[PDB]
Amino acid sequence: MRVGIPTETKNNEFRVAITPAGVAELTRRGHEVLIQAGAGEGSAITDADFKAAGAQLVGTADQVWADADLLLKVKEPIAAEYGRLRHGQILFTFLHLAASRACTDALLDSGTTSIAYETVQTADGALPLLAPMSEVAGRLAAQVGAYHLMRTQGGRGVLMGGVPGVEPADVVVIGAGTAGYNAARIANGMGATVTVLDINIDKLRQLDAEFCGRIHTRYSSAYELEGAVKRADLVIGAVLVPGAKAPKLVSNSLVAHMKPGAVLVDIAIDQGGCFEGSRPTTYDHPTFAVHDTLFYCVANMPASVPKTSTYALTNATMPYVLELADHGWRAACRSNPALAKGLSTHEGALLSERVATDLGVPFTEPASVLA
Amino acid sequence: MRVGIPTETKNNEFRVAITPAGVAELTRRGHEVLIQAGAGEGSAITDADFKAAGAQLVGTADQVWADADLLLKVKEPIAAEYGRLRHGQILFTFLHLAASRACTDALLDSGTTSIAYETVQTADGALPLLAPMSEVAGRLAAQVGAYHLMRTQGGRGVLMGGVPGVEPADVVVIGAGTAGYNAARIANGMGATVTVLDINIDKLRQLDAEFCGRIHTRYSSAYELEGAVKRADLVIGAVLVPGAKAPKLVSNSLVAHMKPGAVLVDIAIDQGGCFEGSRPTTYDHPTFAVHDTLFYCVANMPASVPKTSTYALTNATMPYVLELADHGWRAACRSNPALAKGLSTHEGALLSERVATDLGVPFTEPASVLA
Amino acid sequence: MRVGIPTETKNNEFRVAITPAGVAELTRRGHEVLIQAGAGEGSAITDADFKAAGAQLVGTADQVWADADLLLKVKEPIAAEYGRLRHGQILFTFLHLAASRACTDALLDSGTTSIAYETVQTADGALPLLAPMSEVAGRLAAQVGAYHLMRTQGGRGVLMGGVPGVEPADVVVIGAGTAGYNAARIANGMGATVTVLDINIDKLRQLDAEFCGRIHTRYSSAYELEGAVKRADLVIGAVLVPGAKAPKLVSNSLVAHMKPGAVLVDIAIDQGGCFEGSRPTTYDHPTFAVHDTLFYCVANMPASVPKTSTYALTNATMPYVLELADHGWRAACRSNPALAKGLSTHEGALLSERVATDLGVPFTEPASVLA
Amino acid sequence: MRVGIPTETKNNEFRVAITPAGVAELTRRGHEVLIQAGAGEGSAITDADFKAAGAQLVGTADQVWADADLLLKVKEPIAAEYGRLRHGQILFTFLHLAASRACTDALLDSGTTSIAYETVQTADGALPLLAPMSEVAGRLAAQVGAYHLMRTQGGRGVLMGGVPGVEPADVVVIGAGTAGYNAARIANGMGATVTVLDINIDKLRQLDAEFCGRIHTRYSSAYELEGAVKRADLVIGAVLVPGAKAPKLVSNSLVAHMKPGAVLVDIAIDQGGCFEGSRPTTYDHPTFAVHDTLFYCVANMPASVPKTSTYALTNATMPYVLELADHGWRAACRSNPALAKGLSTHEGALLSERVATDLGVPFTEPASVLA
Amino acid sequence: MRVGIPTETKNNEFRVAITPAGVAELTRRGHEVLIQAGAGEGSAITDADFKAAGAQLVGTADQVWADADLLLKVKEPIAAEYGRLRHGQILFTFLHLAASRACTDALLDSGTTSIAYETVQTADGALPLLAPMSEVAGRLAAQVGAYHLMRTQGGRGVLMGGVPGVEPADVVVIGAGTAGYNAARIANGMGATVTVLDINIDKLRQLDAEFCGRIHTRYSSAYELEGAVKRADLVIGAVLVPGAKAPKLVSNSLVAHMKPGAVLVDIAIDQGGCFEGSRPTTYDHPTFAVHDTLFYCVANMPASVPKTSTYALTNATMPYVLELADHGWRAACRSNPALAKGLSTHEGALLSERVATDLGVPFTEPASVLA
């Protein structure tokens, strides 16, 4: 079986769906790896690095998409790529079909068999392909917040960690999951005083243990949330609902009461955001004002640290990549129920319940497509 | 005696030379404090805050400059201000007279008696009024470095701390003084692996103790420095030679050998920089390319976190301010040798030898202006 | 030469001026050590422990006082002991002659040559026999503060460290010398959020490095001190000026604005206190109300942990004791300038300037008593 | 539906069963919250604070008890209160029906439907409403032990953390559950050397990892326990068996071999104690002697830090309170099996097996009262 | 001026007196560096590494010795090398002339001008060239002790850190200087419980601060030392008397009371040892019994980690090496009093007081040889 990786075509997407390490593993199992020349450049992986590990470099996208039995991507197929989708081809990538009827149509139209990173789910309910992205975004949030708190960028102009004799920044992190833990850890390391809000006290218990006294924790009643946000220099919204909408926890009237220059970072912005004033922004125009505060809501944040996030994602996808390549999609899916939860599309059929219901019509077919 | 504080007029200087804390102290001792309406805004100190503490708010610059016996500033007098300099007036601020013959001429012409923050020196050779700006700079450097490391900003695209399974950034800090210690500490807090280089082993011993194994230390031979810089994702230049010009420790050919996308932050940029390719940049155009790497050389960096730096500076100046207001300049200088080392100008006389020699002519008069 | 240690007679003084370790040292050098039977009991040192180390147990106080050439105590001679003072006898203890007209007269009268622990001072200005007592007091202050913050004792009823989800206590420590450092450390260890205030930024810099972010530091302007105190659940006064009287840093009006039930602990109570409402209390009636707040001002605090303080004090005194035993007082004092600073009394003469120049007349006689 | 909270009547019970945060939640869901004036005083919550959050302040206890559909308390109804129990009313508090036949009678007699905090149990066997009381207790134990270790209180007179050069206290904690973990953590924070004993090595592994070497762990054989206890200055009994009686792990003959002045704190006192010599004490007479050691056995310890323990408890109860208020008891109990395990009384029937079987007769009625 | 480095000839001396780093610095200032082929192999530095940095490789010892103006070594000249000593040549190495009249004779005879690493001393009394060897020795002592504590090696058979539920090893370190601090640090990191003894309480204070509670400190009376030693699984003797003979602090009768299998490591073995039973051993026969305990007394311990210790040493020597190379010996010595302290020999004259008045006759000549 033949495996192909095209350059990501979306604007400001710098990741690639495989690294030399992954190339090496597939090659040693006798699969052939076709990589579009230039595909790893945004992530600082050169064509030489890919060649060294056994890949065949190929000049054009067209030639990757025709030719590959398994196609690995990072983002969903873009308009210009709809034409390339094929019949006897397994496509594995972030799909988010619910957010694009156009995309879903193109997939079932071409009769492509597709599997979504975001709905691969282990028996304990974990989504192992999203987890690494949440780690990245959590850690990033602390960094971008710190920078945008400079007066020079419109922020209140406080240094994260103060200096001896002077108060550090007061940071609140809403949500104690993977993203929230990671944002808290990095803000803390920068010397800010950090309080995390959650309604799950066991999650707060973990945070309390891990840092002894250092990271403060507070039970997240609306009343305690208001009080904390009112005093914050930096607020990080990190309530990521696995596959739903993400609740709006901070209202515009509450922001109207924050200190002038405070900054709010919405890690939940893909999938809806969790401040009410939230709206997706771009790399060149990352922030905008809401009543005297600064909002930072860049969509698709993990893409800004591609050397890190390419490895983070492909380390997690690798085992699943290997199973597909060795066994083909049915079989791999029969052997591995986590994988099967990821099945989305096969020869015109829509296999996802949340998507079928949600995206107007088509209608499910459970998985019985696994005869 | 009357004490006046004007808005800083240099662009992108957001600090102010007093806080309410200081205002209250001066009032309690029966001095009158004159503050230019709006002076504290960049530092998020309102007129009301200043009023509350006992200050008299004044509508124009001219009114503060005439009226004040002791005039407190952050930066040196700008061209537009030369007109306001007076005869029986003590001016206390960062002067950097060596950098400007125009400024020095305006000072001795007007016969004003001036004391420089940056040459106030205690018996042990410390410069207590620069130290807090070095703390700010060092901590800032790590944050700006981390941010500009994003692909989105032209950097290699690596997250400071990595995420589990993925390597963190390799950060090297050149110089183990106040600035370098602080850079190292914040970068280490963000999860990066950090190596600091210095020729003073005792300073390396302190860093080793403070962090147990965590912060690596290396003796700074040219050979060792080249080796460490060649591997770095992030390099911080923190060699601040206290009143001289700062050695050029990273050469352009050495930068030609660094990883593509590496970022170099030069905290030594005021006073000359310590990379060969260094050149002062501005807040809106902070970086530029040198051979495939990105240089960050923003002058006057402490000014971008004005809420923090105003307090860090004014807490350090306050005891000198109080001694001046209570006793007048001679006497304060006779009592306090550290303050005396700051004496620059009095009634046309230039009192600083480093300056007099350096600045072509005028010629010293030691201090016997203290009859 | 013969060394004697009487039981401490002042009430609730539980320490003893030597341990078996010290007795053994003295014995090995061929001195005779006379100990009043029962002397070590408050400090959980039994007569058998003393005997095992070479001491001679002796039934009565009188027999220790006559017979000993060098007399070691912890506190000053009490009224009932004035009769026991002798002429060819060195007395070494905490004296505080300043505080007792009567005591000074007694010592002069009897012609006793006496050396005070608290004015023994090294070339660098350290007071090495007081330091261990400040360590003890600092650590104790946090313990007592925690306890009296219980509602059951009259305090506002907050646990030092909170529990997950709930705020810890807000603790401010005024003073960053040895006592303040130690109080802050233990408070922090208990999980409280701790801020220390001081006017010496270098001491704030040490505290900041030692705990990375963990212990907050604030420059001690009255303005800043008032803000910190108003928010505090526990305030610990730890400004011990070397040998003067201790400034009053918290006013009664200030206390009237504090949270009801807040507790204030004045470690500076011996030697004056540093709150205005402060007044010496005793172990059985340790606290008293001041406007809805609770003050804790127990005098002589190190005595409440005698097993620790006995050792702390006597480890510090030991080398001075050995010098005096081996060489007699002059010679010991000529050899050792730190010891000579402790000289207080000899053959009717008063040898201390601060005390002569404070306790009305007698008049100094510098030290020339060392012919 | 209408929710009522009476002042706590039991002597030295300072908590209150709701906070403003909880009142706010209930109010926004359109429920009526009746609070007896003064109810929050012990916990430093004013009637103003309650009224701001939407509460109806009510002058008498009887006014709350009639009028309230759901009645929230902290402790069991006392003698004086039995008259107030009603038919169509849900009572939610700490019951301990096992320990009072009288109580139980009153409950079934008045036909009140009551649910007990301490039997609410999640599928995994956790008792989430007891947990926060354990955390408080464990943390408290370390503070009270420290205090009573002073000679002034009868203890042997050692400071928890020692001071440089002098040994710290030897603390042993029996039991590695939530209370044990929290006592050990605070004791260690105060600088003492801490050993914890348990028969569950997994729990010892967690302590080991959490503090790296810092907290010592020892397997709890009687032999090993004997050895540890004999050397300890402070012993904390923290073995809280779920809802049974708590084993007697330290016998009186063993205490006879302990160091004079050692202090033993029994957190397991409510529910029986775990020292043989243990006996409930009160806040004004907290300790008593057992062979030259000091026992501390204050019942109801969490009440002494009411500001902390009120929030800790009510954060944990809140989501149950909301389910009851919104759904009524049947339905809430159908919906939520953890709640159901708490069911103790309804219209004369006794619903708890452990109490039916243990409190002589009445006899169970499983839960079928949920028709 | 030309600089030569011979292979070290002493058995089991693996270090070399320069690294590539050093070669490069020298070369850049226009000095030619002669290195004997093979010199760096013991320290894992190849001839290629040295060549790449500018060195001239030379086949024979004789050729380096004749030809070099400045000769750099690690150890003192051995018998077989006496013949190679020259007239107009500066020799810079560890000499320890007091330990060998033969060696001293050879140096004076040949008229060589020699400077000892061990007596280079800075104004503050530091010996900067021994310090790094003390760091190495202290760190090594913990490793070797841990190893020989296995039964397999004759030790008591305890693991340094224990495992959960099982006691770790009890380690005592005598001496709180650079070596003892480093031994303490590593032992602690291995999980052992560590007590350090010293007479200097300030040194104990530093250790207490640095590790919070973690590393125990005890005042070093004989009485206290005995108690500590009796209980120890491992004792490390770390009292390095700067240039004297090192006190014998552990007696053979004391070792007779230690636990069977205990191991004692004497870092002070070069220079005399600090245990009574101590006796220099060799790498292949490293240990020996003294009453049921194991002594470990390998001479010249830093030589066993030559990759580490070459760098540690040559980093410290480098600035001195550059001053000599650039200025010649007189002048370097006149500019640099620390260097002048090292002067030992010139043209038949013996220039060291301690050595002359210790090594029978010759007689000093202060330094007047600097005309």
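Residues numbered from 1 in each chain as written, not as in the entry; some residues may be left out. Chains lettered and ligands numbered in written order. Part of a larger assembly, values for the part shown. Heavy atoms only, no water. Residues with missing side-chain atoms left out of burial classes, pairs and counts.

**Structural notes on the nonpolar core**
Stage number 1. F92(C), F92(D) and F92(E) are the most contacted members of the largest nonpolar core, which totals 262 residues.
Stage number 2. Among residues more than four places away in sequence, those in contact with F92(E) are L70(E), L71(E), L72(E), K73(E), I115(E), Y117(E), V120(E), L129(E), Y320(E), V321(E), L324(E) and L339(E).
Stage number 3. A53(A), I18(B), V136(B) and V265(B) belong to the second-largest nonpolar core, a separate cluster that totals 206 residues. (Core = buried A, V, L, I, M, F, W, Y, C linked by side-chain atoms within 4.5 Å. Buried < 20%, exposed > 50% of the residue type's maximum accessible area, 1.4 Å probe, protein only. Contact = heavy atoms within 4.5 Å.)

**A closer look at the packing of helix α1 (residues 20-28) of chain B against helix α10 (residues 306-327) of chain B**
All names here are of chain B.
Stage number 1. Following both chains from N to C, one finds α1 and α10 inclined at 15°, their axes separated by 10 Å at the closest point. With respect to α10, the element α1 is oriented roughly parallel. The hand of the α1/α10 crossing is right-handed. Of the residues in α10, those touching α1 at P20, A21, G22, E25 and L26 are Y311, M318, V321, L322 and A325.
Stage number 2. Considered class by class, the residues forming the contact of α1 with α10 number eight nonpolar, one polar and one charged. (Axes fitted to C-alpha atoms, helices over the stretch in contact; angles between N-to-C directions. Helix = DSSP H or I, 4+ residues; strand = E, 2+ residues; numbered from the N terminus. Parallel < 35°, antiparallel > 145°, perpendicular 65-115°, else oblique. Left-handed = near helix turned anticlockwise from the far one by under 90°. Nonpolar A, V, L, I, M, F, W, Y, C, P; charged D, E, K, R; others polar.)

**Brief notes about the interface of chain C and chain A**
Size of an interface: often given as the accessible area lost when the parts come together.
Stage number 1. Facing 17 residues of chain C, the contacting portion of chain A comprises 15 residues.
Stage number 2. Of the roughly 1,300 Å² buried between chain C and chain A, counting both surfaces, carbon and sulfur atoms make up 55%.
Stage number 3. Contact with chain A buries area across many residues of chain C, yet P164(C), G165(C) and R214(C) alone supply 40% of it, more than any other trio.
Stage number 4. With a shortest N-O distance of 2.9 Å, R218(A) and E167(C) are connected by a salt bridge.
Stage number 5. If you look at where chain C meets chain A, you find five residue pairs in polar contact.
Stage number 6. Sorting the residues of the side of chain C that touches chain A by element identifies α7 (201-210) and β9 (216-219) of chain C as the ones contributing at least two each.
Stage number 7. The greatest single-element share of the side of chain C that touches chain A, amounting to four residues, is contributed by β9(C).
Stage number 8. A class-by-class count of the residues in the side of chain C that touches chain A yields seven nonpolar, five polar and five charged. (Buried area = accessible area lost by both parts, 1.4 Å probe. Salt bridge = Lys/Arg side-chain N within 4 Å of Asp/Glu carboxyl O. Polar contact = N/O pair within 3.5 Å; in protein donor to acceptor, adjacent residues only side chain to side chain.)

**A short note on the packing of aromatic side chains**
Stage number 1. With the rule as written, the count across this model stands at 27 aromatic pairs over all chains.
Stage number 2. The interplanar angle of 85° and the centroid separation of 5.2 Å between the aromatic rings of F94(A) and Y117(A) together place this pair among those described as edge-to-face. Within this pair, whereas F94(A) is found in the loop between β5 (90-93) and α4 (101-110), its partner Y117(A) is found in the loop between β6 (113-116) and α5 (131-148), the two being separated by 23 residues in sequence.
Stage number 3. Accessibility expressed as a relative area gives 4% for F94(A), which makes it buried.
Stage number 4. According to the relative accessible area criterion, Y117(A) is buried, its value standing at 1%.
Stage number 5. Ring geometry for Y147(A) versus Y147(B): centroids 3.7 Å apart, planes at 5°, classification stacked. Remark: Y147(B) occurs in helix α5 (residues 131-148) and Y147(A) occurs in helix α5; the pair is interchain, linking two chains. An identical accessibility class is assigned to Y147(A) and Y147(B); each is buried.
Stage number 6. We note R151(C) situated over the ring of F14(D); from NZ or CZ to the ring centre the distance is 5.1 Å.
Stage number 7. We note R330(E) situated over the ring of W329(E); from NZ or CZ to the ring centre the distance is 4.6 Å. (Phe/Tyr/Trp six-rings, centres within 6.5 Å; stacked < 30°, edge-to-face > 60°. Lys NZ or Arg CZ within 6 Å of the ring centre and 35° of its normal.)

**Brief notes about the sheet that holds β5(A)**
Residues and elements named next belong to chain A.
Stage number 1. Pairing in this open sheet of eight strands is mixed, and the strands run β3-β2-β1-β4-β5-β6-β14-β15 from one edge to the other. Looking at the sheet topology across the chains shown, the edges are occupied by β3 (56-58) and β15 (349-350).
Stage number 2. Inspection of the sheet shows β6 paired to strand β14 (residues 343-346) by two bridges, in the antiparallel sense. From the neighbouring strand, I115 faces β14, where its bridge partner is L343. (Pairing = 2+ DSSP bridges.)

**Description of the interface of chain B and chain A**
Stage number 1. Each side of the interface is counted separately: chain B has 38 residues, and chain A has 40 residues.
Stage number 2. Summed over both partners, the interface of chain B with chain A buries about 3,600 Å², with 62% contributed by carbon and sulfur atoms.
Stage number 3. Among the residues chain B hides against chain A, the three largest losses belong to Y147(B), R151(B) and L159(B). Together they make up 17% of the total.
Stage number 4. In this assembly, chain B and chain A are joined by one salt bridge.
Stage number 5. In this structure, the connection of chain B to chain A is made through 13 residue pairs in polar contact.
Stage number 6. Mapped by element, the contributors of at least two residues to the side of chain B that touches chain A are α5, α6 (178-189) and α10 of chain B.
Stage number 7. For the side of chain B that touches chain A, the per-class residue count stands at 21 nonpolar, 12 polar and five charged.

**Some words on the relation of the copies chain B and chain A**
The second copy of the chain is related to the first by a rotation about an axis and a shift along the axis.
Stage number 1. Of the transformation placing chain B onto chain A, the axial shift is 0.1 Å and the rotation is 180°, giving an RMSD of 0.1 Å. As the rotation angle and translation indicate, the two copies are arranged about a two-fold axis. Minimal C-alpha separation from the rotation axis in chain B is found for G189(B), amounting to 2.0 Å.
Stage number 2. Counting the interface residues of chain B, we find that 100% of their copies in chain A are interface residues as well, pointing to one common contact surface. (Least-squares fit on C-alpha atoms.)

**Some words on the relation of the copies chain C and chain A**
Stage number 1. Overlaying chain C with chain A gives an RMSD of 0.1 Å, the required rotation being 179° about an axis along which the chain moves by 0.1 Å.
Stage number 2. Mapped onto chain A, 82% of the interface residues of chain C are again interface residues, and the two copies thus contact each other with one and the same surface.

**Structural notes on helix α7 (residues 201-210) of chain E**
Stage number 1. All of the buried residues in α7(E) are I201(E), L204(E), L207(E) and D208(E). One side of α7(E) holds all its buried residues, which, seen down the axis, span an arc of 115°. The exposed set on the far side of α7(E), more than 90 degrees from its buried face, consists of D202(E) and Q206(E).
Stage number 2. Close packing links the buried residues of α7(E) with α5 (131-148), α6 (178-189) and α10 (306-327) of chain C together with α6 (178-189), β8 (193-198) and β9 (216-219) of chain E.
Stage number 3. Where α7(E) ends, the next residue or the one after it, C212(E), has phi of about 35°, a positive value. (Arc of directions from axis to C-beta.)

**A look at the domain arrangement of chain A**
Residue and element names in this part refer to chain A.
Stage number 1. As assigned here, chain A comprises domain 1 (1-129 + 306-371) and domain 2 (130-305).
Stage number 2. Using only C-alpha atoms to locate each centre, domain 1 and domain 2 end up separated by 32 Å.
Stage number 3. Counting residues at the interface gives 17 residues for domain 1 and 12 residues for domain 2.
Stage number 4. For the pair domain 1 and domain 2, the summed buried surface comes to about 1,100 Å²; carbon and sulfur atoms form 61% of the total. (Domains from an automatic or database assignment.)

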